[PDB]
Amino acid sequence: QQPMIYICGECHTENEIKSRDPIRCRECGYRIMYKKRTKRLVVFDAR
Amino acid sequence: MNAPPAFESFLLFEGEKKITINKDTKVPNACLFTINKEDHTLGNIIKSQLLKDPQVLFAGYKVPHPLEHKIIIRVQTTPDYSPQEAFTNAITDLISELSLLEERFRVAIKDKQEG
Amino acid sequence: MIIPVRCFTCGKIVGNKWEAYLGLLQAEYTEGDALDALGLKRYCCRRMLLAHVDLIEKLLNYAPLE
Amino acid sequence: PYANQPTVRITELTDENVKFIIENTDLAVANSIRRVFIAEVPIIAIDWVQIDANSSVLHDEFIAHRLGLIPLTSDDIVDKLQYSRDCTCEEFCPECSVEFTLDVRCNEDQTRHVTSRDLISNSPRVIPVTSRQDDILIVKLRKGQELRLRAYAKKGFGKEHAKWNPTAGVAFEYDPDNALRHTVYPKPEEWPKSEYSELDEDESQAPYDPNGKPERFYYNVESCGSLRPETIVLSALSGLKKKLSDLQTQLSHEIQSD
Amino acid sequence: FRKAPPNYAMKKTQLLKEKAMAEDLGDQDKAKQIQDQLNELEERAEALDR
Amino acid sequence: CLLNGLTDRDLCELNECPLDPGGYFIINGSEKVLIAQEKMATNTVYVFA
Ligand SMILES: [Zn+2]
Ligand SMILES: [Zn+2]
Ligand SMILES: [Zn+2]
């Protein structure tokens, strides 16, 4: 049950965007938004 | 992308021998010792120790190639003193010397602290 | 962009000396004196504090939120 | 046809560096002990960083890289731990590693300075250098950013990577007067006298000496702060002794097999 | 209901206010826009100093 | 332009840096710059051989 949460461009507010939907912030309304970091096991070696 | 890992310089790989003896044919009583996963650290001191020994006619090491982790030590003794025992004696005395140096250094420190 | 953690050539920890170096420069000291006041003898480790540029400030100006 | 009886004399012992002298020993032994100081000295250091949430302005790998370079006091723990490669268990067991956690989040308006003091270690003795002088600056966070991660430390030596390099800089120097001529000065008068020079201010360099061997090696090992300098020397001596012992055993087995 | 200045639209809001003031030929509207712009600039300066 | 005589504060808030020299167009989201061409000065008499 993952609605593919996004991060607004300037508001820096989360949004719930699903397929076949416009790409806009829930408030104000902007056309830019980035994704959120994965949940995978991001493991680096301090080398 | 092809950079080798850092552990290949000292850690042995499965099947590789740490030390290999190979008798030479050009002159009597001459062997080449081949050491895997080592550097100048463990070859230079042995070279010097072999030089100290008078019965050793020739002694010298080399690094075939810097990117390769391998060294070759050539030893040639008098006919009545096989190079194997020369190597063993060199290492044994070198270990004794380092142990003595450690003991002296430790006593010197413990005396230096409030003394 | 940020003070390194160790001197490239020497290896002496220098990361923990940027704030101190700035404070010493600010109060009254001059660079040539502040550097040896911090204890940086070798000239190899001094280039860390003299040449280092502090861009992390400009980076922090672009606050993501608020 | 045997070894020699070297002598040692410390001139300056502090908690930051040691200056000593070795006499009656060969150059090869001196330089080898040096290279062991720099390269083959066991020490603890961060080697496995798992980043969970990093909203700082630096890269993800920048944090891990920096954390790799923060020294960790290993006065009595390095000798006890075992190399992770040779451990006989899965995951970083505490018997063979030391775990670290960092969780900082800039809430107030003033910019944070995430310093090494935020590295909350599980073990008491394995901590960055802050016991007794600011702390190593890691990264700067601004209101709203955060940095959550945990990293494990493991035993290594400088040869594998620099992070395991306890000594800041080894000052090795012998025969301060150029008595053995190992270097030829085009204009000896132009050069400044060495710190260890016994030669007066009139003469430039000692007269040649044919039957002269290098002795009196001057050392100035300088600990980065992880280990105490005398501890560095003792560990290097022990490590070299162990390497020779292993080599002797291998050679013995090889000869016996033949 | 959500007030405008919050949080990253300070510069965009200032530009919008300046544009509206320039477009509006009225004196009272011009004065109100100038006052609002000055207040926004002062608040931004205070936040930066903090 | 929208950054005519604007303070570094607003530039930083607009994800821009005060150091950017500017003077370059943005077409299709690419920075295009006009190279200054050169030619012979007009309305001047030259006598070549
Ligand atoms: Zn929107
Ligand atoms: Zn340096
Ligand atoms: Zn384990």
# chains A, B, ... in the order shown; residues from 1 in each chain; ligands from 1
>>> interface_residues(of="chain A", to="chain E", cutoff="12 Å", atoms="only C-alpha atoms", output="CSV table (one decimal) with N, CA, C and O atoms, in the first residue's frame")
chain,number,residue,atom,x,y,z
A,8,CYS,N,7.6,18.2,-2.1
A,8,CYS,CA,7.4,19.4,-2.8
A,8,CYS,C,8.7,20.1,-3.1
A,8,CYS,O,9.7,20.0,-2.3
A,9,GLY,N,8.7,20.9,-4.1
A,9,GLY,CA,9.9,21.6,-4.5
A,9,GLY,C,10.3,22.7,-3.5
A,9,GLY,O,11.4,22.6,-2.8
A,10,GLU,N,9.5,23.7,-3.3
A,10,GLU,CA,9.8,24.8,-2.4
A,10,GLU,C,9.1,24.6,-1.0
A,10,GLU,O,9.7,25.0,0.0
A,11,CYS,N,7.9,24.1,-0.9
A,11,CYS,CA,7.2,23.9,0.3
A,11,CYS,C,8.0,22.9,1.2
A,11,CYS,O,8.0,23.0,2.4
A,12,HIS,N,8.7,22.0,0.6
A,12,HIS,CA,9.4,20.9,1.3
A,12,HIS,C,8.3,20.2,2.2
A,12,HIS,O,8.6,19.9,3.3
A,13,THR,N,7.2,20.0,1.6
A,13,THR,CA,6.1,19.2,2.2
A,13,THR,C,5.9,17.9,1.4
A,13,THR,O,5.9,17.9,0.2
A,27,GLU,N,-0.4,22.1,-1.5
A,27,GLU,CA,-0.7,23.5,-1.2
A,27,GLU,C,0.1,24.4,-2.2
A,27,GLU,O,0.8,23.9,-3.1
A,28,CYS,N,0.0,25.7,-2.1
A,28,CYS,CA,0.5,26.7,-3.1
A,28,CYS,C,0.3,26.2,-4.5
A,28,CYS,O,-0.5,26.7,-5.3
A,29,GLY,N,1.0,25.1,-4.9
A,29,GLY,CA,0.9,24.5,-6.2
A,29,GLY,C,2.2,24.8,-7.0
A,29,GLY,O,2.3,25.9,-7.6
A,30,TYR,N,3.1,23.9,-7.1
A,30,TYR,CA,4.3,24.0,-7.9
A,30,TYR,C,4.4,22.8,-8.8
A,30,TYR,O,3.8,21.7,-8.5
>>> residues_near_ligand(ligand="ligand 3", cutoff="10 Å", atoms="only C-alpha atoms and all ligand atoms", output="number ranges by chain")
D: 81-97
>>> residues_around(residues="range 15-22 of chain F", least_positions_apart="4", cutoff="12 Å", atoms="only C-alpha atoms", output="list in words")
residues 9 and 10 of chain A; 55, 58, 59, 60, 61, 62, 63 and 64 of chain C; 8, 9, 11 and 12 of chain E; 1, 2, 3, 4, 5, 6, 7, 8, 9, 10, 11, 26, 31, 32 and 33 of chain F
>>> write_last_selection(atoms="C-alpha atoms", output="PDB file, in the first residue's frame")
ATOM      1  CA  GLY A   9       9.944  21.641  -4.480  1.00  0.00           C
ATOM      2  CA  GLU A  10       9.781  24.776  -2.352  1.00  0.00           C
TER       3      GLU A  10
ATOM      4  CA  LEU C  55      32.493  26.775   1.039  1.00  0.00           C
ATOM      5  CA  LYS C  58      27.676  29.069   1.003  1.00  0.00           C
ATOM      6  CA  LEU C  59      26.199  25.575   0.843  1.00  0.00           C
ATOM      7  CA  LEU C  60      24.275  26.098   4.074  1.00  0.00           C
ATOM      8  CA  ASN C  61      22.755  29.322   2.740  1.00  0.00           C
ATOM      9  CA  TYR C  62      20.551  27.134   0.523  1.00  0.00           C
ATOM     10  CA  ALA C  63      18.489  25.877   3.418  1.00  0.00           C
ATOM     11  CA  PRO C  64      16.108  23.151   2.178  1.00  0.00           C
TER      12      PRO C  64
ATOM     13  CA  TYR E   8      10.807  29.258   1.143  1.00  0.00           C
ATOM     14  CA  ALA E   9       8.606  31.670  -0.856  1.00  0.00           C
ATOM     15  CA  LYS E  11      11.884  35.939  -2.347  1.00  0.00           C
ATOM     16  CA  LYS E  12       9.019  34.905  -4.626  1.00  0.00           C
TER      17      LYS E  12
ATOM     18  CA  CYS F   1      15.764  39.845 -15.770  1.00  0.00           C
ATOM     19  CA  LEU F   2      14.265  38.808 -12.459  1.00  0.00           C
ATOM     20  CA  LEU F   3      17.635  39.141 -10.677  1.00  0.00           C
ATOM     21  CA  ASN F   4      18.342  42.734 -11.707  1.00  0.00           C
ATOM     22  CA  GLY F   5      20.133  44.340  -8.778  1.00  0.00           C
ATOM     23  CA  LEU F   6      18.892  41.731  -6.308  1.00  0.00           C
ATOM     24  CA  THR F   7      20.557  41.081  -2.963  1.00  0.00           C
ATOM     25  CA  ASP F   8      22.510  37.895  -2.342  1.00  0.00           C
ATOM     26  CA  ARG F   9      19.878  36.879   0.216  1.00  0.00           C
ATOM     27  CA  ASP F  10      17.128  36.521  -2.366  1.00  0.00           C
ATOM     28  CA  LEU F  11      19.520  34.901  -4.844  1.00  0.00           C
ATOM     29  CA  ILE F  26      18.403  29.832 -21.209  1.00  0.00           C
ATOM     30  CA  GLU F  31      22.930  27.822 -21.078  1.00  0.00           C
ATOM     31  CA  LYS F  32      23.554  29.421 -24.468  1.00  0.00           C
ATOM     32  CA  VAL F  33      26.235  32.092 -24.863  1.00  0.00           C
TER      33      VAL F  33
END
>>> residues_around(residues="residue 32 in chain C", least_positions_apart="4", cutoff="10 Å", atoms="only C-alpha atoms", output="list in words")
residues 25, 36, 37, 46 and 50 of chain C
>>> write_last_selection(atoms="N, CA and C atoms", output="short mmCIF file (atom, residue, chain, number, x, y, z; two decimals), in the first residue's frame")
data_model
loop_
_atom_site.label_atom_id
_atom_site.label_comp_id
_atom_site.auth_asym_id
_atom_site.auth_seq_id
_atom_site.Cartn_x
_atom_site.Cartn_y
_atom_site.Cartn_z
N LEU C 25 42.77 33.82 15.07
CA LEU C 25 42.90 34.92 14.13
C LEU C 25 42.00 36.08 14.52
N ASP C 36 51.57 28.24 14.82
CA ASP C 36 52.44 27.58 15.79
C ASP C 36 51.84 27.60 17.19
N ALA C 37 50.89 28.50 17.46
CA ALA C 37 50.18 28.45 18.73
C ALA C 37 49.32 27.20 18.81
N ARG C 46 50.55 23.07 7.69
CA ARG C 46 50.06 24.44 7.75
C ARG C 46 49.23 24.79 6.52
N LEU C 50 45.96 27.33 6.04
CA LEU C 50 46.13 28.54 5.26
C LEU C 50 45.38 28.48 3.95
#
>>> residues_around(residues="residue 153 in chain D", least_positions_apart="6", cutoff="6 Å", atoms="only C-alpha atoms", output="VMD selection string")
chain D and resid 45 to 47 97 to 98
>>> residues_near_ligand(ligand="ligand 2", cutoff="10 Å", atoms="only C-alpha atoms and all ligand atoms", output="list in words")
residues 6, 7, 8, 9, 10, 11, 12, 13, 14, 40, 41, 42, 43, 44, 45, 46, 47, 48 and 49 of chain C; 168 and 169 of chain D
>>> write_last_selection(atoms="C-alpha atoms", output="mmCIF file, in the first residue's frame")
data_model
loop_
_atom_site.group_PDB
_atom_site.id
_atom_site.type_symbol
_atom_site.label_atom_id
_atom_site.label_comp_id
_atom_site.auth_asym_id
_atom_site.auth_seq_id
_atom_site.Cartn_x
_atom_site.Cartn_y
_atom_site.Cartn_z
ATOM 1 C CA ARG C 6 43.887 14.706 8.465
ATOM 2 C CA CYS C 7 46.872 16.337 6.806
ATOM 3 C CA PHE C 8 47.346 14.658 3.434
ATOM 4 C CA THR C 9 51.125 14.480 3.668
ATOM 5 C CA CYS C 10 51.714 14.135 7.404
ATOM 6 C CA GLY C 11 48.537 12.586 8.805
ATOM 7 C CA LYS C 12 48.252 14.740 11.924
ATOM 8 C CA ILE C 13 44.651 15.449 12.867
ATOM 9 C CA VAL C 14 43.829 18.941 11.632
ATOM 10 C CA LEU C 40 51.566 22.932 13.607
ATOM 11 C CA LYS C 41 55.320 22.582 13.221
ATOM 12 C CA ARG C 42 55.736 20.940 9.823
ATOM 13 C CA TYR C 43 54.997 23.270 6.930
ATOM 14 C CA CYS C 44 53.105 20.408 5.294
ATOM 15 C CA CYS C 45 50.282 20.630 7.846
ATOM 16 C CA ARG C 46 50.056 24.438 7.748
ATOM 17 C CA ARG C 47 48.796 24.504 4.182
ATOM 18 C CA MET C 48 45.697 22.789 5.564
ATOM 19 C CA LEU C 49 44.655 25.874 7.516
ATOM 20 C CA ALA D 168 51.391 11.461 12.254
ATOM 21 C CA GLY D 169 54.957 11.789 11.020
#
>>> select_by_dssp(residues="range 35-254 of chain D", states="strand (DSSP E or B)", output="PyMOL selection string")
chain D and resi 43-54+72+98-105+112-115+120-121+128+137-141+146-156+167+173-174+217-219+222-223
>>> atom_distance(atom1="CA of residue 21 in chain D", atom2="CA of residue 170 in chain D")
13.0 Å
>>> atom_distance(atom1="CA of residue 21 in chain B", atom2="CA of residue 41 in chain D")
29.2 Å
>>> closest_atom_pairs(of="chain B", to="chain D", cutoff="8 Å", atoms="only C-alpha atoms", output="tab-separated table")
residue	atom	partner	partner_atom	distance
B:6	CA	D:160	CA	5.1
B:7	CA	D:160	CA	6.2
B:9	CA	D:160	CA	7.8
B:18	CA	D:250	CA	6.7
B:19	CA	D:251	CA	6.2
B:20	CA	D:254	CA	7.0
B:21	CA	D:254	CA	7.5
B:40	CA	D:32	CA	8.0
B:41	CA	D:32	CA	5.2
B:42	CA	D:244	CA	7.7
B:44	CA	D:28	CA	6.0
B:45	CA	D:28	CA	5.2
B:48	CA	D:28	CA	6.5
B:49	CA	D:3	CA	7.4
B:52	CA	D:1	CA	6.3
B:53	CA	D:1	CA	4.4
B:54	CA	D:1	CA	6.4
B:84	CA	D:255	CA	7.9
B:88	CA	D:248	CA	6.8
B:89	CA	D:2	CA	7.8
B:90	CA	D:2	CA	7.3
B:91	CA	D:244	CA	6.7
B:92	CA	D:248	CA	7.8
B:93	CA	D:3	CA	5.2
B:94	CA	D:3	CA	6.1
B:95	CA	D:241	CA	5.9
B:96	CA	D:3	CA	7.7
B:97	CA	D:3	CA	6.0
B:98	CA	D:241	CA	6.7
B:99	CA	D:241	CA	7.2
B:100	CA	D:5	CA	7.4
B:101	CA	D:6	CA	6.1
B:102	CA	D:237	CA	6.4
B:104	CA	D:8	CA	6.4
B:105	CA	D:8	CA	5.9
B:106	CA	D:234	CA	7.7
B:108	CA	D:9	CA	6.6
B:109	CA	D:10	CA	7.2
B:112	CA	D:10	CA	7.4
>>> select_by_dssp(residues="chain C", states="helix (DSSP H, G or I)", output="ChimeraX atom specification")
/C:15-27,31-38,43-51,56-61
>>> write_last_selection(atoms="N, CA, C and O atoms", output="compact mmCIF listing (two decimals), in the first residue's frame")
# COMPACT_ATOMS: atom_id res chain seq x y z
N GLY C 15 41.44 18.45 11.43
CA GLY C 15 40.04 18.83 11.33
C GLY C 15 39.53 19.56 12.55
O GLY C 15 38.72 20.48 12.45
N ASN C 16 40.01 19.17 13.73
CA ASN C 16 39.55 19.75 14.98
C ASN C 16 40.22 21.07 15.30
O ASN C 16 40.18 21.49 16.46
N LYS C 17 40.85 21.71 14.33
CA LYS C 17 41.57 22.95 14.57
C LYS C 17 41.06 24.13 13.77
O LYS C 17 41.64 25.22 13.89
N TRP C 18 40.02 23.97 12.96
CA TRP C 18 39.54 25.09 12.16
C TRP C 18 38.90 26.16 13.04
O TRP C 18 39.20 27.35 12.89
N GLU C 19 38.01 25.76 13.95
CA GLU C 19 37.36 26.75 14.80
C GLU C 19 38.38 27.46 15.68
O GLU C 19 38.32 28.68 15.86
N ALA C 20 39.32 26.71 16.24
CA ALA C 20 40.36 27.32 17.06
C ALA C 20 41.19 28.30 16.25
O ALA C 20 41.51 29.39 16.72
N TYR C 21 41.56 27.92 15.03
CA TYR C 21 42.36 28.81 14.21
C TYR C 21 41.60 30.09 13.91
O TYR C 21 42.17 31.18 13.95
N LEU C 22 40.31 29.97 13.61
CA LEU C 22 39.52 31.17 13.35
C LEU C 22 39.44 32.04 14.59
O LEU C 22 39.58 33.26 14.51
N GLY C 23 39.22 31.44 15.76
CA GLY C 23 39.17 32.23 16.98
C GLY C 23 40.47 32.95 17.25
O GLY C 23 40.48 34.13 17.63
N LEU C 24 41.59 32.26 17.08
CA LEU C 24 42.88 32.88 17.32
C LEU C 24 43.13 34.01 16.34
O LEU C 24 43.67 35.05 16.71
N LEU C 25 42.77 33.82 15.07
CA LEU C 25 42.90 34.92 14.13
C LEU C 25 42.00 36.08 14.52
O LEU C 25 42.38 37.24 14.33
N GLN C 26 40.82 35.79 15.06
CA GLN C 26 39.88 36.85 15.35
C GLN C 26 40.33 37.68 16.54
O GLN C 26 40.26 38.92 16.50
N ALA C 27 40.79 37.04 17.61
CA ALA C 27 41.05 37.81 18.81
C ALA C 27 42.13 38.85 18.56
O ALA C 27 41.83 40.04 18.46
N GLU C 31 48.36 34.94 11.42
CA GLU C 31 48.40 33.56 10.95
C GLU C 31 49.71 32.89 11.35
O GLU C 31 49.71 31.81 11.94
N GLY C 32 50.83 33.53 11.03
CA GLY C 32 52.11 32.90 11.31
C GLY C 32 52.27 32.56 12.77
O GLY C 32 52.96 31.60 13.11
N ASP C 33 51.64 33.33 13.66
CA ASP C 33 51.72 33.04 15.08
C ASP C 33 50.63 32.07 15.52
O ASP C 33 50.89 31.17 16.33
N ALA C 34 49.42 32.23 14.99
CA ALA C 34 48.34 31.32 15.37
C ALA C 34 48.69 29.89 15.01
O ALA C 34 48.41 28.96 15.78
N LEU C 35 49.31 29.69 13.85
CA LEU C 35 49.60 28.34 13.39
C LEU C 35 50.48 27.60 14.37
O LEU C 35 50.20 26.46 14.74
N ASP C 36 51.57 28.24 14.82
CA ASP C 36 52.44 27.58 15.79
C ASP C 36 51.84 27.60 17.19
O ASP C 36 52.23 26.78 18.02
N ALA C 37 50.89 28.50 17.46
CA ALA C 37 50.18 28.45 18.73
C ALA C 37 49.32 27.20 18.81
O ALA C 37 49.16 26.61 19.89
N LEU C 38 48.74 26.78 17.68
CA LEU C 38 47.98 25.53 17.66
C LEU C 38 48.89 24.32 17.71
O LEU C 38 48.44 23.24 18.10
N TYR C 43 55.66 22.40 7.90
CA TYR C 43 55.00 23.27 6.93
C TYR C 43 53.99 22.51 6.09
O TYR C 43 53.17 23.14 5.42
N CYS C 44 54.05 21.19 6.08
CA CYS C 44 53.10 20.41 5.29
C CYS C 44 51.70 20.50 5.87
O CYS C 44 50.72 20.50 5.13
N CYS C 45 51.59 20.57 7.20
CA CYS C 45 50.28 20.63 7.85
C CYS C 45 49.72 22.04 7.90
O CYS C 45 48.52 22.21 8.13
N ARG C 46 50.55 23.07 7.69
CA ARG C 46 50.06 24.44 7.75
C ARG C 46 49.23 24.79 6.52
O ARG C 46 48.27 25.57 6.62
N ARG C 47 49.58 24.23 5.37
CA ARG C 47 48.80 24.50 4.18
C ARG C 47 47.34 24.10 4.38
O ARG C 47 46.47 24.62 3.68
N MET C 48 47.07 23.19 5.31
CA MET C 48 45.70 22.79 5.56
C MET C 48 44.86 23.96 6.06
O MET C 48 43.73 24.15 5.60
N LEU C 49 45.40 24.75 6.97
CA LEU C 49 44.65 25.87 7.52
C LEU C 49 44.82 27.15 6.71
O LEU C 49 43.89 27.96 6.66
N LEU C 50 45.96 27.33 6.04
CA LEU C 50 46.13 28.54 5.26
C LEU C 50 45.38 28.48 3.95
O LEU C 50 44.66 29.43 3.60
N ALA C 51 45.51 27.38 3.22
CA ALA C 51 44.94 27.29 1.89
C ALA C 51 43.48 26.88 1.89
O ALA C 51 42.78 27.15 0.90
N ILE C 56 31.41 25.44 2.80
CA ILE C 56 30.24 24.84 3.41
C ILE C 56 29.26 25.91 3.85
O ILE C 56 28.05 25.67 3.91
N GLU C 57 29.75 27.11 4.17
CA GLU C 57 28.85 28.20 4.50
C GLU C 57 27.93 28.53 3.34
O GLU C 57 26.70 28.51 3.48
N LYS C 58 28.50 28.79 2.17
CA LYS C 58 27.68 29.07 1.00
C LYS C 58 26.68 27.94 0.77
O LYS C 58 25.54 28.19 0.36
N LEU C 59 27.10 26.71 1.02
CA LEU C 59 26.20 25.58 0.84
C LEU C 59 25.05 25.63 1.84
O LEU C 59 23.91 25.30 1.51
N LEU C 60 25.33 26.05 3.07
CA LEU C 60 24.27 26.10 4.07
C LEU C 60 23.30 27.24 3.83
O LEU C 60 22.19 27.20 4.35
N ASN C 61 23.69 28.25 3.05
CA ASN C 61 22.76 29.32 2.74
C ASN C 61 21.53 28.79 2.02
O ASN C 61 20.44 29.36 2.16
>>> atom_distance(atom1="CA of residue 39 in chain A", atom2="CA of residue 105 in chain D")
19.1 Å
>>> interface_residues(of="chain A", to="chain D", cutoff="9 Å", atoms="only C-alpha atoms", output="ChimeraX atom specification")
/A:37,39-47
>>> interface_residues(of="chain D", to="chain C", cutoff="8 Å", atoms="only C-alpha atoms", output="compact mmCIF listing (two decimals) with N, CA and C atoms, in the first residue's frame")
# COMPACT_ATOMS: atom_id res chain seq x y z
N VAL D 57 24.28 18.61 3.52
CA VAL D 57 24.61 19.10 2.19
C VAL D 57 25.74 18.32 1.55
N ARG D 66 34.84 10.75 5.89
CA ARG D 66 35.34 11.48 7.05
C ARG D 66 35.35 10.59 8.28
N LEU D 69 38.27 8.58 9.01
CA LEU D 69 39.51 9.23 9.42
C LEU D 69 39.52 9.70 10.87
N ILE D 70 38.47 9.46 11.64
CA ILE D 70 38.45 9.93 13.02
C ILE D 70 39.19 8.92 13.89
N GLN D 133 41.14 22.39 23.12
CA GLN D 133 41.07 21.08 22.50
C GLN D 133 39.65 20.76 22.06
N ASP D 134 39.26 21.27 20.89
CA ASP D 134 37.95 20.99 20.33
C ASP D 134 37.90 19.55 19.83
N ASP D 135 36.81 19.21 19.16
CA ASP D 135 36.60 17.88 18.61
C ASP D 135 36.54 17.95 17.09
N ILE D 136 36.82 16.80 16.47
CA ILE D 136 36.93 16.75 15.01
C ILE D 136 35.59 17.10 14.40
N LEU D 137 35.56 18.16 13.62
CA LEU D 137 34.33 18.58 12.97
C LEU D 137 33.99 17.62 11.85
N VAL D 139 30.49 17.46 10.06
CA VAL D 139 29.67 18.18 9.09
C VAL D 139 28.84 19.22 9.84
N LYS D 140 28.31 20.18 9.09
CA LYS D 140 27.48 21.24 9.65
C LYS D 140 26.06 21.08 9.14
N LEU D 141 25.11 21.07 10.06
CA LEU D 141 23.70 20.89 9.73
C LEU D 141 22.96 22.19 9.98
N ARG D 142 21.94 22.43 9.18
CA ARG D 142 21.10 23.60 9.33
C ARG D 142 19.70 23.16 9.72
N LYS D 143 18.98 24.05 10.38
CA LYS D 143 17.63 23.75 10.84
C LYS D 143 16.86 22.98 9.79
N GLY D 144 16.36 21.81 10.18
CA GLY D 144 15.56 20.97 9.31
C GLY D 144 16.30 19.78 8.76
N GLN D 145 17.63 19.81 8.75
CA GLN D 145 18.43 18.71 8.26
C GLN D 145 18.68 17.72 9.39
N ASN D 165 46.63 4.37 10.21
CA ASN D 165 47.99 4.90 10.28
C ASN D 165 48.16 5.68 11.58
N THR D 167 50.77 6.84 13.31
CA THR D 167 51.77 7.89 13.44
C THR D 167 51.44 9.06 12.53
N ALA D 168 51.52 10.27 13.08
CA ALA D 168 51.39 11.46 12.25
C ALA D 168 52.58 11.58 11.31
N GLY D 169 53.78 11.73 11.86
CA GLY D 169 54.96 11.79 11.02
C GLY D 169 56.19 11.30 11.73
N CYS D 224 49.29 10.14 16.33
CA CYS D 224 48.14 10.94 15.93
C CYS D 224 47.18 11.15 17.08
>>> interface_residues(of="chain D", to="chain E", cutoff="10 Å", atoms="only C-alpha atoms", output="ChimeraX atom specification")
/D:108-111
